[PDB]
Amino acid sequence: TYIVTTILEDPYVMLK
Amino acid sequence: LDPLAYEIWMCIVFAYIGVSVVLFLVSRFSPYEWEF
Amino acid sequence: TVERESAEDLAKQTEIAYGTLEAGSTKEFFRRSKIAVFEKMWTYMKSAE
Amino acid sequence: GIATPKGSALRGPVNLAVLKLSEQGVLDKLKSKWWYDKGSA
(Lines give C-alpha, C1' and ligand atoms only; values in the text may rest on other atoms or scores of the structure.)
Protein backbone atom coordinates (compact mmCIF):
# COMPACT_ATOMS: atom_id res chain seq x y z
CA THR A 1 0.00 0.00 0.00
CA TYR A 2 1.45 3.42 -0.98
CA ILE A 3 0.33 6.93 0.06
CA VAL A 4 -2.12 8.98 -2.06
CA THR A 5 -1.22 12.55 -0.96
CA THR A 6 -4.23 14.88 -0.75
CA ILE A 7 -5.53 18.18 0.72
CA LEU A 8 -8.62 19.26 2.70
CA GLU A 9 -10.87 21.15 0.24
CA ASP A 10 -14.67 21.23 -0.07
CA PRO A 11 -16.24 19.35 -1.74
CA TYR A 12 -13.23 17.23 -2.76
CA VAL A 13 -12.02 15.95 0.66
CA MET A 14 -14.01 16.48 3.89
CA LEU A 15 -13.81 14.94 7.38
CA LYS A 16 -17.13 13.05 7.82
CA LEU B 1 -52.60 56.17 6.02
CA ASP B 2 -50.75 53.16 4.56
CA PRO B 3 -48.15 55.06 2.44
CA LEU B 4 -46.58 56.48 5.65
CA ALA B 5 -45.69 54.26 8.60
CA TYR B 6 -47.45 54.69 11.95
CA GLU B 7 -44.22 56.14 13.39
CA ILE B 8 -44.21 58.92 10.74
CA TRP B 9 -47.84 59.83 11.53
CA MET B 10 -47.10 59.99 15.28
CA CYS B 11 -44.01 62.17 14.80
CA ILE B 12 -45.94 64.57 12.52
CA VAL B 13 -48.40 65.23 15.37
CA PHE B 14 -45.47 65.72 17.76
CA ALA B 15 -43.83 68.08 15.27
CA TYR B 16 -47.11 69.97 14.82
CA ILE B 17 -47.40 70.59 18.58
CA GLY B 18 -43.70 71.42 18.91
CA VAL B 19 -43.66 73.95 16.06
CA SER B 20 -46.88 75.62 17.27
CA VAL B 21 -45.56 76.14 20.81
CA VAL B 22 -42.17 77.39 19.59
CA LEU B 23 -43.75 79.76 17.04
CA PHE B 24 -46.03 81.17 19.75
CA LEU B 25 -43.13 81.56 22.21
CA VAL B 26 -40.76 83.43 19.87
CA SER B 27 -43.61 85.76 18.83
CA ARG B 28 -45.17 86.75 22.18
CA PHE B 29 -42.25 86.99 24.62
CA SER B 30 -40.61 89.73 22.50
CA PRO B 31 -41.63 93.08 24.10
CA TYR B 32 -40.42 95.17 21.11
CA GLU B 33 -43.34 93.91 18.98
CA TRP B 34 -45.51 92.53 21.83
CA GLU B 35 -51.74 88.28 16.88
CA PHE B 36 -49.75 85.02 17.00
CA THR C 1 -48.89 50.65 -9.38
CA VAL C 2 -46.79 47.79 -7.99
CA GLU C 3 -50.26 46.36 -7.38
CA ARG C 4 -50.68 46.71 -11.18
CA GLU C 5 -48.62 31.79 -15.13
CA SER C 6 -45.65 29.43 -15.28
CA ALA C 7 -43.33 26.90 -13.54
CA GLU C 8 -40.69 29.56 -12.71
CA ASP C 9 -43.24 31.72 -10.75
CA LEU C 10 -43.30 28.97 -8.10
CA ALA C 11 -39.61 28.00 -8.20
CA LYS C 12 -38.61 31.66 -8.26
CA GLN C 13 -40.56 32.94 -5.23
CA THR C 14 -40.42 31.49 -1.69
CA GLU C 15 -43.46 33.24 -0.08
CA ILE C 16 -45.86 30.51 -1.33
CA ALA C 17 -45.02 26.96 -0.22
CA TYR C 18 -45.78 24.26 -2.79
CA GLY C 19 -46.03 20.55 -2.04
CA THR C 20 -46.97 17.21 -3.56
CA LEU C 21 -48.71 13.97 -2.49
CA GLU C 22 -46.50 11.54 -0.51
CA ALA C 23 -45.59 8.16 -2.14
CA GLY C 24 -46.96 9.39 -5.49
CA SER C 25 -45.76 9.57 -9.12
CA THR C 26 -45.46 13.39 -8.82
CA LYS C 27 -43.11 13.21 -5.80
CA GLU C 28 -41.05 10.52 -7.59
CA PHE C 29 -41.04 12.61 -10.81
CA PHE C 30 -39.60 15.58 -8.87
CA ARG C 31 -37.12 13.46 -6.86
CA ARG C 32 -35.49 11.79 -9.90
CA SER C 33 -35.65 14.88 -12.16
CA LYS C 34 -32.47 16.29 -13.79
CA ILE C 35 -34.08 19.45 -15.29
CA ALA C 36 -32.69 22.63 -13.66
CA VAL C 37 -36.14 24.00 -12.65
CA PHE C 38 -37.37 20.63 -11.34
CA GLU C 39 -34.08 19.91 -9.51
CA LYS C 40 -34.34 23.37 -7.85
CA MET C 41 -37.99 22.60 -6.95
CA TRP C 42 -37.05 19.18 -5.50
CA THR C 43 -34.14 20.59 -3.45
CA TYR C 44 -36.58 23.16 -1.99
CA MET C 45 -39.39 20.63 -1.35
CA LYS C 46 -37.12 18.02 0.31
CA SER C 47 -35.72 20.60 2.80
CA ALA C 48 -38.92 22.65 3.40
CA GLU C 49 -40.38 23.05 6.93
CA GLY D 1 -5.04 16.08 -13.35
CA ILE D 2 -4.04 13.14 -11.14
CA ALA D 3 -0.32 13.63 -10.50
CA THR D 4 2.47 11.06 -10.12
CA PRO D 5 6.25 11.40 -9.47
CA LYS D 6 8.18 11.63 -12.76
CA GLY D 7 9.34 8.07 -13.61
CA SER D 8 6.52 6.47 -11.56
CA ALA D 9 5.17 3.01 -12.49
CA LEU D 10 1.59 4.17 -11.68
CA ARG D 11 1.68 6.80 -14.51
CA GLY D 12 0.11 4.66 -17.27
CA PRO D 13 -2.50 2.74 -15.20
CA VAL D 14 -3.69 6.05 -13.62
CA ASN D 15 -4.07 7.70 -17.08
CA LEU D 16 -6.07 4.71 -18.37
CA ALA D 17 -8.15 4.60 -15.15
CA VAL D 18 -9.11 8.28 -15.60
CA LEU D 19 -9.97 7.70 -19.30
CA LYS D 20 -12.14 4.70 -18.30
CA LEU D 21 -13.84 6.73 -15.51
CA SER D 22 -14.50 9.62 -17.95
CA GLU D 23 -15.82 7.40 -20.79
CA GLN D 24 -18.13 5.53 -18.35
CA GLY D 25 -19.84 8.72 -17.06
CA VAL D 26 -18.44 8.18 -13.53
CA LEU D 27 -16.80 11.64 -13.35
CA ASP D 28 -20.00 13.39 -14.57
CA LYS D 29 -22.07 11.50 -11.94
CA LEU D 30 -19.56 12.29 -9.14
CA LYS D 31 -19.56 16.00 -10.18
CA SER D 32 -23.40 16.13 -10.32
CA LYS D 33 -23.67 14.36 -6.94
CA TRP D 34 -21.12 16.59 -5.14
CA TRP D 35 -22.02 19.98 -6.69
CA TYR D 36 -25.68 20.24 -7.81
CA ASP D 37 -27.15 18.11 -4.97
CA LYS D 38 -25.61 20.50 -2.35
CA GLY D 39 -28.08 23.33 -3.28
CA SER D 40 -43.36 48.92 1.38
CA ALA D 41 -44.66 51.81 3.52
# chains A, B, ... in the order shown; residues from 1 in each chain; ligands from 1
$ interface_residues --of "chain B" --to "chain D" --cutoff "9 Å" --atoms "only C-alpha atoms" --output "list in words"
residues 2, 3, 4 and 5 of chain B
$ residues_around --residues "residue 49 (chain C)" --least-positions-apart "6" --cutoff "12 Å" --atoms "only C-alpha atoms" --output "PyMOL selection string"
chain C and resi 17-19
$ closest_residue --among "C:48, C:13, C:43, C:27" --to "chain D" --atoms "only C-alpha atoms"
C:43
$ closest_atom_pairs --of "chain D" --to "chain C" --cutoff "12 Å" --atoms "only C-alpha atoms" --output "tab-separated table"
residue	atom	partner	partner_atom	distance
D:29	CA	C:34	CA	11.6
D:32	CA	C:34	CA	9.7
D:33	CA	C:34	CA	11.3
D:36	CA	C:39	CA	8.6
D:37	CA	C:43	CA	7.6
D:38	CA	C:43	CA	8.6
D:39	CA	C:43	CA	6.7
D:40	CA	C:2	CA	10.0
$ write_last_selection --atoms "N, CA and C atoms" --output "CSV table (one decimal), in the first residue's frame"
chain,number,residue,atom,x,y,z
D,29,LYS,N,-21.2,11.9,-13.0
D,29,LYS,CA,-22.1,11.5,-11.9
D,29,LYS,C,-21.5,12.0,-10.6
D,32,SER,N,-22.0,15.8,-10.5
D,32,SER,CA,-23.4,16.1,-10.3
D,32,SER,C,-23.8,15.8,-8.9
D,33,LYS,N,-23.3,14.7,-8.3
D,33,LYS,CA,-23.7,14.4,-6.9
D,33,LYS,C,-23.1,15.3,-5.9
D,36,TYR,N,-24.3,19.8,-7.6
D,36,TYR,CA,-25.7,20.2,-7.8
D,36,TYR,C,-26.5,19.8,-6.6
D,37,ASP,N,-26.3,18.6,-6.1
D,37,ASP,CA,-27.1,18.1,-5.0
D,37,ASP,C,-26.9,18.9,-3.7
D,38,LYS,N,-25.8,19.6,-3.6
D,38,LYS,CA,-25.6,20.5,-2.4
D,38,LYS,C,-26.8,21.5,-2.2
D,39,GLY,N,-27.0,22.4,-3.2
D,39,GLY,CA,-28.1,23.3,-3.3
D,39,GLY,C,-28.6,23.7,-1.9
D,40,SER,N,-43.5,48.0,2.5
D,40,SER,CA,-43.4,48.9,1.4
D,40,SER,C,-43.7,50.3,1.8
$ interface_residues --of "chain D" --to "chain A" --cutoff "10 Å" --atoms "only C-alpha atoms" --output "list in words"
residues 3, 4, 31, 34, 35 and 38 of chain D
$ decode --residues "region 2-41 of chain D" --atoms "N, CA and C atoms" --output "PDB file, in the first residue's frame"
ATOM      1  N   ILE D   2      -4.628  13.981 -12.214  1.00  0.00           N
ATOM      2  CA  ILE D   2      -4.036  13.144 -11.140  1.00  0.00           C
ATOM      3  C   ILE D   2      -2.523  13.120 -11.354  1.00  0.00           C
ATOM      4  N   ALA D   3      -1.783  13.507 -10.319  1.00  0.00           N
ATOM      5  CA  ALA D   3      -0.324  13.626 -10.500  1.00  0.00           C
ATOM      6  C   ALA D   3       0.405  12.358 -10.069  1.00  0.00           C
ATOM      7  N   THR D   4       1.619  12.182 -10.583  1.00  0.00           N
ATOM      8  CA  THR D   4       2.468  11.056 -10.120  1.00  0.00           C
ATOM      9  C   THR D   4       3.913  11.552 -10.175  1.00  0.00           C
ATOM     10  N   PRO D   5       4.848  11.016  -9.365  1.00  0.00           N
ATOM     11  CA  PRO D   5       6.251  11.400  -9.466  1.00  0.00           C
ATOM     12  C   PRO D   5       6.770  11.051 -10.866  1.00  0.00           C
ATOM     13  N   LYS D   6       7.602  11.925 -11.427  1.00  0.00           N
ATOM     14  CA  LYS D   6       8.182  11.629 -12.762  1.00  0.00           C
ATOM     15  C   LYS D   6       8.953  10.306 -12.694  1.00  0.00           C
ATOM     16  N   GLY D   7       8.684   9.396 -13.632  1.00  0.00           N
ATOM     17  CA  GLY D   7       9.340   8.073 -13.612  1.00  0.00           C
ATOM     18  C   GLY D   7       8.591   7.085 -12.732  1.00  0.00           C
ATOM     19  N   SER D   8       7.342   7.397 -12.376  1.00  0.00           N
ATOM     20  CA  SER D   8       6.521   6.467 -11.559  1.00  0.00           C
ATOM     21  C   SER D   8       6.010   5.306 -12.415  1.00  0.00           C
ATOM     22  N   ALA D   9       5.715   4.178 -11.766  1.00  0.00           N
ATOM     23  CA  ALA D   9       5.174   3.008 -12.493  1.00  0.00           C
ATOM     24  C   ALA D   9       3.646   3.077 -12.493  1.00  0.00           C
ATOM     25  N   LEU D  10       3.070   4.036 -11.761  1.00  0.00           N
ATOM     26  CA  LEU D  10       1.590   4.173 -11.684  1.00  0.00           C
ATOM     27  C   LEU D  10       1.112   5.136 -12.773  1.00  0.00           C
ATOM     28  N   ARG D  11       2.039   5.762 -13.503  1.00  0.00           N
ATOM     29  CA  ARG D  11       1.680   6.801 -14.507  1.00  0.00           C
ATOM     30  C   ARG D  11       0.679   6.281 -15.540  1.00  0.00           C
ATOM     31  N   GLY D  12       0.978   5.150 -16.181  1.00  0.00           N
ATOM     32  CA  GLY D  12       0.109   4.662 -17.269  1.00  0.00           C
ATOM     33  C   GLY D  12      -1.222   4.138 -16.764  1.00  0.00           C
ATOM     34  N   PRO D  13      -1.246   3.233 -15.760  1.00  0.00           N
ATOM     35  CA  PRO D  13      -2.504   2.741 -15.198  1.00  0.00           C
ATOM     36  C   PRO D  13      -3.430   3.875 -14.737  1.00  0.00           C
ATOM     37  N   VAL D  14      -2.864   4.922 -14.129  1.00  0.00           N
ATOM     38  CA  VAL D  14      -3.694   6.050 -13.619  1.00  0.00           C
ATOM     39  C   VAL D  14      -4.331   6.775 -14.810  1.00  0.00           C
ATOM     40  N   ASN D  15      -3.547   7.034 -15.859  1.00  0.00           N
ATOM     41  CA  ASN D  15      -4.069   7.703 -17.077  1.00  0.00           C
ATOM     42  C   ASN D  15      -5.230   6.876 -17.628  1.00  0.00           C
ATOM     43  N   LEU D  16      -5.018   5.568 -17.771  1.00  0.00           N
ATOM     44  CA  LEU D  16      -6.068   4.712 -18.373  1.00  0.00           C
ATOM     45  C   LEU D  16      -7.274   4.650 -17.432  1.00  0.00           C
ATOM     46  N   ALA D  17      -7.035   4.665 -16.119  1.00  0.00           N
ATOM     47  CA  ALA D  17      -8.151   4.605 -15.151  1.00  0.00           C
ATOM     48  C   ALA D  17      -9.011   5.857 -15.309  1.00  0.00           C
ATOM     49  N   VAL D  18      -8.359   7.005 -15.464  1.00  0.00           N
ATOM     50  CA  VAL D  18      -9.111   8.281 -15.600  1.00  0.00           C
ATOM     51  C   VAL D  18      -9.881   8.266 -16.922  1.00  0.00           C
ATOM     52  N   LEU D  19      -9.251   7.797 -18.001  1.00  0.00           N
ATOM     53  CA  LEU D  19      -9.969   7.705 -19.298  1.00  0.00           C
ATOM     54  C   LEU D  19     -11.187   6.788 -19.148  1.00  0.00           C
ATOM     55  N   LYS D  20     -11.011   5.643 -18.491  1.00  0.00           N
ATOM     56  CA  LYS D  20     -12.142   4.704 -18.299  1.00  0.00           C
ATOM     57  C   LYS D  20     -13.232   5.397 -17.475  1.00  0.00           C
ATOM     58  N   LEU D  21     -12.848   6.051 -16.381  1.00  0.00           N
ATOM     59  CA  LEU D  21     -13.836   6.732 -15.506  1.00  0.00           C
ATOM     60  C   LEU D  21     -14.583   7.805 -16.304  1.00  0.00           C
ATOM     61  N   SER D  22     -13.870   8.527 -17.170  1.00  0.00           N
ATOM     62  CA  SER D  22     -14.504   9.617 -17.951  1.00  0.00           C
ATOM     63  C   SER D  22     -15.443   9.023 -19.000  1.00  0.00           C
ATOM     64  N   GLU D  23     -15.004   7.967 -19.687  1.00  0.00           N
ATOM     65  CA  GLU D  23     -15.822   7.402 -20.791  1.00  0.00           C
ATOM     66  C   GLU D  23     -17.039   6.666 -20.229  1.00  0.00           C
ATOM     67  N   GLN D  24     -17.021   6.320 -18.940  1.00  0.00           N
ATOM     68  CA  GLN D  24     -18.134   5.525 -18.354  1.00  0.00           C
ATOM     69  C   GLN D  24     -19.115   6.442 -17.620  1.00  0.00           C
ATOM     70  N   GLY D  25     -18.903   7.761 -17.683  1.00  0.00           N
ATOM     71  CA  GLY D  25     -19.841   8.720 -17.063  1.00  0.00           C
ATOM     72  C   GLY D  25     -19.672   8.816 -15.555  1.00  0.00           C
ATOM     73  N   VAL D  26     -18.630   8.192 -15.011  1.00  0.00           N
ATOM     74  CA  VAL D  26     -18.437   8.179 -13.533  1.00  0.00           C
ATOM     75  C   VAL D  26     -18.110   9.598 -13.061  1.00  0.00           C
ATOM     76  N   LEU D  27     -17.231  10.288 -13.783  1.00  0.00           N
ATOM     77  CA  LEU D  27     -16.800  11.639 -13.346  1.00  0.00           C
ATOM     78  C   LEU D  27     -17.985  12.607 -13.415  1.00  0.00           C
ATOM     79  N   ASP D  28     -18.796  12.523 -14.469  1.00  0.00           N
ATOM     80  CA  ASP D  28     -19.996  13.391 -14.565  1.00  0.00           C
ATOM     81  C   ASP D  28     -20.913  13.123 -13.368  1.00  0.00           C
ATOM     82  N   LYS D  29     -21.150  11.850 -13.049  1.00  0.00           N
ATOM     83  CA  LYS D  29     -22.074  11.503 -11.938  1.00  0.00           C
ATOM     84  C   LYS D  29     -21.501  12.014 -10.614  1.00  0.00           C
ATOM     85  N   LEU D  30     -20.203  11.815 -10.394  1.00  0.00           N
ATOM     86  CA  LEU D  30     -19.563  12.293  -9.144  1.00  0.00           C
ATOM     87  C   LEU D  30     -19.704  13.814  -9.062  1.00  0.00           C
ATOM     88  N   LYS D  31     -19.430  14.516 -10.162  1.00  0.00           N
ATOM     89  CA  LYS D  31     -19.559  15.995 -10.182  1.00  0.00           C
ATOM     90  C   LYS D  31     -21.008  16.372  -9.857  1.00  0.00           C
ATOM     91  N   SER D  32     -21.974  15.756 -10.537  1.00  0.00           N
ATOM     92  CA  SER D  32     -23.395  16.130 -10.324  1.00  0.00           C
ATOM     93  C   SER D  32     -23.790  15.848  -8.870  1.00  0.00           C
ATOM     94  N   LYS D  33     -23.299  14.738  -8.321  1.00  0.00           N
ATOM     95  CA  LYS D  33     -23.674  14.356  -6.936  1.00  0.00           C
ATOM     96  C   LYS D  33     -23.054  15.333  -5.934  1.00  0.00           C
ATOM     97  N   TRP D  34     -21.811  15.759  -6.162  1.00  0.00           N
ATOM     98  CA  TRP D  34     -21.119  16.587  -5.139  1.00  0.00           C
ATOM     99  C   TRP D  34     -21.352  18.088  -5.326  1.00  0.00           C
ATOM    100  N   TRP D  35     -21.877  18.521  -6.472  1.00  0.00           N
ATOM    101  CA  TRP D  35     -22.022  19.984  -6.689  1.00  0.00           C
ATOM    102  C   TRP D  35     -23.496  20.381  -6.711  1.00  0.00           C
ATOM    103  N   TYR D  36     -24.266  19.817  -7.643  1.00  0.00           N
ATOM    104  CA  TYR D  36     -25.681  20.239  -7.812  1.00  0.00           C
ATOM    105  C   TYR D  36     -26.515  19.840  -6.595  1.00  0.00           C
ATOM    106  N   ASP D  37     -26.298  18.631  -6.077  1.00  0.00           N
ATOM    107  CA  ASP D  37     -27.145  18.106  -4.972  1.00  0.00           C
ATOM    108  C   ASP D  37     -26.932  18.895  -3.674  1.00  0.00           C
ATOM    109  N   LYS D  38     -25.828  19.643  -3.553  1.00  0.00           N
ATOM    110  CA  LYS D  38     -25.613  20.499  -2.352  1.00  0.00           C
ATOM    111  C   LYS D  38     -26.788  21.473  -2.240  1.00  0.00           C
ATOM    112  N   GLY D  39     -26.959  22.370  -3.223  1.00  0.00           N
ATOM    113  CA  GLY D  39     -28.085  23.332  -3.278  1.00  0.00           C
ATOM    114  C   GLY D  39     -28.644  23.725  -1.918  1.00  0.00           C
ATOM    115  N   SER D  40     -43.549  47.985   2.517  1.00  0.00           N
ATOM    116  CA  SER D  40     -43.364  48.920   1.382  1.00  0.00           C
ATOM    117  C   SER D  40     -43.688  50.341   1.840  1.00  0.00           C
ATOM    118  N   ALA D  41     -44.322  50.478   2.998  1.00  0.00           N
ATOM    119  CA  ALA D  41     -44.660  51.812   3.515  1.00  0.00           C
ATOM    120  C   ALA D  41     -43.395  52.581   3.875  1.00  0.00           C
TER     121      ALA D  41
END
